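Peer 1: Have a look at this fold, sequence not included:
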RNA sequence: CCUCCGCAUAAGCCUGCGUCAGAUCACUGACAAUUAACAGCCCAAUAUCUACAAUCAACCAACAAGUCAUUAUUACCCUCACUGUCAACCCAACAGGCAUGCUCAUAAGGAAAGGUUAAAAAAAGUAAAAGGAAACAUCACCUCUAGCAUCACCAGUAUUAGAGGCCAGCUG
RNA sequence: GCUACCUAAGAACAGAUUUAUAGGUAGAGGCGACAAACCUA
RNA sequence: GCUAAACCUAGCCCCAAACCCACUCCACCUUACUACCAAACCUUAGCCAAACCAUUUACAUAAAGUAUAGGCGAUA
Ligand SMILES: [Mg+2]
Ligand SMILES: [Mg+2]
Ligand SMILES: [Mg+2]
Ligand SMILES: [Mg+2]
Ligand SMILES: [Mg+2]
Ligand SMILES: [Mg+2]
Ligand SMILES: [Mg+2]
């Protein structure tokens, strides 16, 4: 069953005038006139090409004359790719073992009560109430309006602790920074083209989390392979690509080392947003991508097991559900299914409030409900990492 | 329906007109590692960040200069939080609307079924600063309330529609950047950047090279009156209950490369003809000329990096409520 | 008239397609079918009725996974988003098909019968005779034209050399070739028949206005 | 110029140049109160804002800074003895703000 | 400056200004092309002067000081433009032999009549110009009847005019 | 009597020169207006 | 296109009838053009081809009015220009076959100045004559140079 | 409902009033976001001479004589422009004398025109 | 004293209570105006992507199943033009109608009475003793037809599609 | 451009709703919760 | 004695003779009057007459309203 009916297809030209069949004679057409005439023959025009070049009427060459048409298909992962099997597929493409819960090295930063902004419930209540209610002139702010403002204001609350820690004066957050990283995985080449908001750069790299006992203990782990799903579903099969490793930056850049990828889901529609398992998969591929490009910038394109492993953490959100991720990239020999594996610590479904009421009901007042500040304790644990 | 005062305005000599609409005296003047972080932001946006899509010239100040100014404010509010703890608890709104609606004057309707009737001429400013800093407490005033100053406000000789100023009817908004339930109603500082139309390259190409600095000055008066005035409305004051204390805010506005600095001291919400009879009091806008932050940027670093411009940014960010 | 049919997309797409009501009208704007028009809006999910299609640079039988068993407005049965290899596609659901179920689309005609599960698709030479089938082709490579509505089923009656004979739910028997693919089991959404519309609102919401044995057929 | 076919510009082509200007211009007095630096003209219909800027710059050496035009509808409401509408012709009005103070 | 829209400030209100003749054509055929360029701008600025003076004359409800020199300046712009077009045309006849500066063709629209079609500039050639090919430069056979009807309406108007001229001639011979 | 409920899109799309010339019968409408002598052949 | 009386008496309803011929997609081989054409044809045309002893004779013998097809007249102009030129493009590298085919139809030799105009409709001949006598006009520089060198050669002979 | 009135740009709905304009010429083109790009080359430059020391006023004195109208035919312009060069080079390749066969290499082509006025 | 009106945009109309002048219950001529930021006027190809409604979107709650999205490579550097902008207004009638946003009695808009008398009859309103009436469609059901694909039915497939039938009380 | 049904993409206050805009169906016709109603008095 | 009355001459009609028109510049089939981008032919039917209607029914001179045709009738 073919798609597209004949009435919507390009209508075939009527068959040629029978004069074009007689071999001896030149037809007499309306091409001597400069207009259609129905009692002369329809001429056959040579395929015209505009000699000069104009940009608004450019017609690019077909997909062989492009100077990088590699026949071996690269599967690309851009920020819009909504994966199918959720986290398992990114764990396969990443060659990593998952560990539920953040490590004690990160959560112990907020173990003492000294690492606290004063009245953190009042401040985070004001960030939630500001962005989700008090923000704009509209009566309720839409998600595209408030979600970067929730993330941005929480980063300003954690940025207000330069008074307690001077080291946070060595980190910036850049935006519209696009990294890229290609790696081989069993049979076919993969690329992540990373274009997400708020890569928080530092001067200093993050100190590693997993010891060599745990990295070595990843060898007996096996990746849970899956089926019928070939594990490249919903990536973008591109033939016209370029293998390239980009940290997003020119060389010689202060604040060069990625710290946290603050990637968010600010689409107003439920179908237009990433489902939260796919959100977590997008975080694993972006932190893997930027950490991997950091490894290619520090160590060449050498498939090896890294001695100074790179650790890049990321926070992804829908606006009220937070998903935390610490990624520990310790091998670049991705193509085998054995050896040491990367390892990642996740926090799933860490909502910082159940719901927000932007109008009073008649009973329940204006404001959030279900607020739980342990999630901001996790957020602020991730901001204080390496300080 | 009301006049629609645009702060970042193409109109010639719109500064003198806005001092009429606003009842302001424009007084010229004012009442280390920061250089490293500033040059890090400059070189970050011009040089170090790799662009996927090619930055054309029209696309520039949307792509290039806007996150430059965002990064400057977020890093200076970062680093200057120990020197000024009021910025540690101060809200930082990025591209957030400020509206103010006031009534200034009277007009008898010249044509129509309403002819010969007093219709007071309303105005609204809708503005988006690039980013503003709002404190829960209020900066102390620069000059005393009801400070006399001998220079006189302009008086236009014609209808404000003879400046290209146009009328619409839409929702009258008085808005500081957030609704009135927010605890941070008062305002510290406000950072603007002039749009692609108001480049000084065009203003030199067109023969209005005089009005270049006027553009800065107009964005001074319309924005800050719409901000301080809106702050005065959130504290309950209005045109008949005039402000009992002066409301003060502050603005560095720029072209991306040239910076100018402004202070604004709202003393009167009494702008109507009913309320400008026993009203000697007036609003005062302090201002500087424009000075370039850097001079050029080549391949690797900046050249001709001025330092007093960073010191006036910092001295704006460093004052405090009491 | 300006009738351009919406039935115009060329490539198969997993996404819903905005479709345009005809109103009962022709391409000439006159009512040919009375009593159509004015329903709730619907989007069209493109169904792949060629059930066995090997994908690009693959062949032979292949497994596929059910991701979601989805209501479809355009038809009576509900459908299944079903992904295998590098491609998702919408197929039509059988009665017990869960999310997460695995379904084998097979091509090899065995020597013996294949004790197939509830929702898989086999050539009619590979089935135990006297089983309920659905989504039956008419040529090898035609695509599944019949036994397609909600809860319907037809039983494979008997087969001759290179030929199977089906009982359609109107009990008219059909002679098709052996190597035409049909899916086993009965179509989902049973008790679509046992239902009370209750008010005429649901008659109007489905796009409906008010108004004004045969011989065993062959295809060999 | 007006009532002249313009040559088509293709990207990379020469500058379009007018050597004898077809369209005239007349500066009228403002019928309302206007600012001191605004000079009001009656542009003919086809003259754009940019043509007027270069027209006053080239021919009259006037430092023009802003130009704002309005098209004025002349009335088609006055009739002959024949009950046939006479149209007073429509005209474009240029409002010119002069530079340099 | 803007004072070139106004004449000599001594002439303001004098209600009569001595102006010379207009340029005739043969006086202008002796001038070079650079000189006709410069004279075009002399007459151009003078014409803007006189048009401001007309519009202010209608504004103040007064009559013009001398409306004749507007007729003289339009007279000279017409003669000068005609001279410049003569030299363009004679050079066109020598260099190419054409007679029209703009190309065209005798075509025959939907309405049957033969029209000089003036060509327009386009970028793409005519056979893939989507809007050009919606124009019909052929008349179908249901038009030839209306061509005959139009032909006979013109022949009636001509016959009426010729006959009416002869009747006026007979009245002249009866009167004289 | 408020049968005429005006719009310019329906007026030009109903009776304009382009719809009149789109058909042969409408071209004959134009030709009869041109032959009666009329000042407006269409909208 | 006519009418019948309903049962072959004039005292019944006069009701109208169209008599359509019987059409047949057949296929022919013109030896002069040397090509197989797929032509819709009727039984009477096949019979006239048989009575003319070939489609080349059927086309070169039948009068333009009698033949009454634009396509058959274009076949006639093709064959007649092929015979009017004695074309080597009939059978290249076989000159005996060319001369045998060309001598078989020697009867219908028409000059080339007449064989172009065979079967053109009047508007198509208006076009062909329009393209014959279209010329870029002569730039009057060349005409005036010719007259002036003529005049200086009259002064040279004085 | 008017037919006699001219269809001007002031007259339709918003979509009609925006499209139709007066007789002005396009200077550039619209781009995405409805952003008009102005092309510098399509704007006419008024080539305006220097009037300094120029001795021709707009009127002619009445003391000047009357002459006879002799329009410039191509025979005259050939005679004075070309004829001395051909008489000189004939008493002692027509492109030598100021003739060009084509003018596709030429900036100011005479047929069809590329200059304005 | 009314205000169930207003003010704007839309559509429509096309200078239609601006100034000067004049003729006429007591329009003509001249001149002048509506200034773009609002709104129209857009988009470089070729491929390839777009399963998870909206409802304060959170649970719940569903069915009639829903209004919103890119990436890959190539090309790409100039820039703010054009048009709308007025009014007491439109379609009718010689009563009515009109989309939307705000205001929900008005900050905006207006005037039911030319003067008199206070007859009849008529219209409307208020008061009144005592009395207190003196067929089609369609859920559902049945029947018949129809084994099928690229312009309806239908991008549907017999659980489908189509055609049929069905007292007391008050009151001029 | 009314009116009847339809379509596209909307809106409003709860639908077998009301409605603006643009398109479609044309007289041997259309359209009809069929009044042999309506289809510019 | 008000209202009015009057008025000749615009033009037109019928012949004859003769074969007409149609690019100042610009714009004009897109929503005509807008500077500029990827397909034509296919019997006229009926009114009316026949006192209805149903086949039928007109579209130089002279032969001649003759031969003919025709519900052998109206009529042609
Ligand atoms: Mg305008
Ligand atoms: Mg705009
Ligand atoms: Mg208005
Ligand atoms: Mg009022
Ligand atoms: Mg009265
Ligand atoms: Mg009573
Ligand atoms: Mg009869």
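Peer 2: Yes, it's here. Numbering: from 1, shown residues only, chains lettered A, B, ... in the order given. Ligands and ions are numbered 1, 2, ... in the order given.

Peer 1: C-alpha only now, for contacts and for neighbours.
Peer 2: Fine.

Peer 1: Can you show me the helices along chain D?
Peer 2: D:49-60 (DSSP state H).

Peer 1: again, but for chain E
Peer 2: Under DSSP H, chain E gives helices at E:25-28, E:33-59, E:68-95, E:144-175.

Peer 1: Ok, which of those helices comes nearest RNA strand J?
Peer 2: With CA to the nearest atom of the strand as the criterion, RNA strand J lies closest to helix E:144-175 of the helices of chain E, at 25.2 Å.

Peer 1: Let me see the ranges of the strands in chain C.
Peer 2: Along chain C, counting by DSSP state E, strands occupy C:17-18, C:43-44, C:62-70, C:79-84, C:87-92, C:102-105, C:121-123, C:132-134, C:154-160, C:163-167, C:173-177, C:181-184, C:217-218.

Peer 1: How about the contacts made by residue B:4?
Peer 2: Applying CA atoms under 8 Å, 6 or more residues apart in numbering or on different chains to residue B:4 gives the contacts B:123, B:124, B:125, B:126, B:165, B:166, B:167, B:168.

Peer 1: now residue E:28
Peer 2: E:36, E:79, E:80, E:83.

Peer 1: contacting residues for the first one?
Peer 2: Yep, that's residue E:36 we're talking about. Residue E:36 neighbours (CA under 8 Å, 6+ apart): E:28, E:80, E:84.

Peer 1: separation between residue G:90 and chain E?
Peer 2: Counting by CA to the nearest CA, to the nearest Å, the gap from residue G:90 to chain E is 34 Å.

Peer 1: Give me the nearest residue to that residue, chain neighbours excluded.
Peer 2: residue G:98 (6.4 Å; CA to CA, 6 or more residues apart in numbering or on different chains).

Peer 1: Next secondary structure after the helix or strand hosting that neighbour?
Peer 2: Using DSSP states H and E, residue G:98 sits in helix G:95-104. Per DSSP H and E, helix G:95-104 leads on to helix G:112-115 as the next helix or strand towards the C-terminus.

Peer 1: From residue D:75, how far off is the residue sitting nearest the centre point of chain D?
Peer 2: Geometric centre of chain D, nearest residue: residue D:43, 2.0 Å, by CA atoms, centre = their mean. Using CA to CA, to the nearest Å, one obtains 18 Å as the distance from residue D:43 to residue D:75.

Peer 1: re earlier: which one of the contacts of residue E:28 sits in the busiest neighbourhood?
Peer 2: residue E:80 (24 neighbours; other CA atoms under 10 Å in any protein chain shown).

Peer 1: Can you list the buried residues in stretch A:244-257?
Peer 2: Residues A:245, A:246, A:247, A:248, A:249, A:253, A:254, A:255, A:256, A:257 are the ones in stretch A:244-257 that count as buried (16 or more other CA atoms under 10 Å in any protein chain shown).

Peer 1: Contact partners for the most centrally placed residue in chain G?
Peer 2: For chain G, residue G:77 is the residue whose C-alpha lies nearest the centre (CA atoms, centre = their mean; 2.6 Å). Applying CA under 8 Å, 6+ apart to residue G:77 gives the contacts A:25, G:115, G:116, G:117, G:118, G:119.

Peer 1: Just say helix, strand or coil for it.
Peer 2: helix (DSSP: H, G, I helix; E, B strand; the rest coil).

Peer 1: Pull up the gap between it and chain B, please.
Peer 2: 62 Å.

Peer 1: Name the residues of chain F found near RNA strand K, please.
Peer 2: Proximity of chain F to RNA strand K (CA under 7 Å from any atom of the strand) is limited to residues F:9, F:12-13, F:16-19, F:21-22, F:40-43.

Peer 1: Going by residue numbers, what spans are helices in chain C?
Peer 2: C:201-205.

Peer 1: just the stretch 1-150 of chain B next, same as before
Peer 2: B:14-22, B:34-43, B:60-63, B:65-79 (DSSP state H, counting those that start in this stretch).

Peer 1: Ramachandran angles for residue A:349?
Peer 2: Main-chain torsions, residue A:349, degrees, to the nearest 10: phi 60, psi 30.

Peer 1: So it versus residue C:177, what's the distance?
Peer 2: Taken as CA to CA, the span from residue A:349 to residue C:177 is 54 Å.

Peer 1: Stretch D:71-79 and RNA strand I in contact?
Peer 2: Yes. Counting by CA under 7 Å from any atom of the strand, RNA strand I has neighbours in stretch D:71-79: D:71, D:72, D:73, D:74, D:75, D:76, D:77, D:78, D:79.

Peer 1: among those residues, which ones are buried?
Peer 2: residue D:71.

Peer 1: how about a markdown table for the residues of stretch D:71-79 next to RNA strand I, with distance to residue G:129 added?
Peer 2: Below are the residues of stretch D:71-79 next to RNA strand I laid out as a markdown table (distance: CA to CA, whole Å):
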| residue | distance to residue G:129 |
| --- | --- |
| D:71 | 52 |
| D:72 | 54 |
| D:73 | 53 |
| D:74 | 53 |
| D:75 | 55 |
| D:76 | 52 |
| D:77 | 56 |
| D:78 | 56 |
| D:79 | 55 |
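
Peer 1: Restricted to strands, list the residues of stretch D:71-79 next to RNA strand I.
Peer 2: D:71, D:72.

Peer 1: Just give the number of residues close to the closest residue to chain G within chain B.
Peer 2: Chain B approaches chain G most closely through residue B:205 (46.6 Å), counting by CA to the nearest CA. For residue B:205, the neighbour count with other CA under 10 Å is 11.

Peer 1: From chain H, how far off is residue E:104?
Peer 2: In terms of CA to the nearest CA, residue E:104 sits 10 Å off from chain H.

Peer 1: tell me the contacts of that residue?
Peer 2: E:116, E:117, E:118, E:119.

Peer 1: which of those tops the neighbour count?
Peer 2: Ranking those using other CA under 10 Å puts residue E:117 first, with 14 neighbours.

Peer 1: residues near whichever residue of the stretch 1-150 of chain B sits closest to chain H, how many?
Peer 2: Proximity to chain H, evaluated over the stretch 1-150 of chain B using CA to the nearest CA, is greatest for residue B:58 at 9.8 Å. Using other CA under 10 Å, residue B:58 has 12 neighbouring residues.

Peer 1: is it true that it touches residue B:197?
Peer 2: No. Residue B:58 is beyond contact range of residue B:197, at 9.3 Å (criterion: CA atoms under 8 Å).

Peer 1: now, which of the contacts of residue B:4 sits nearest residue E:18?
Peer 2: Among the contacts of residue B:4, residue B:165 lies closest to residue E:18 (CA to CA), at 46.6 Å.
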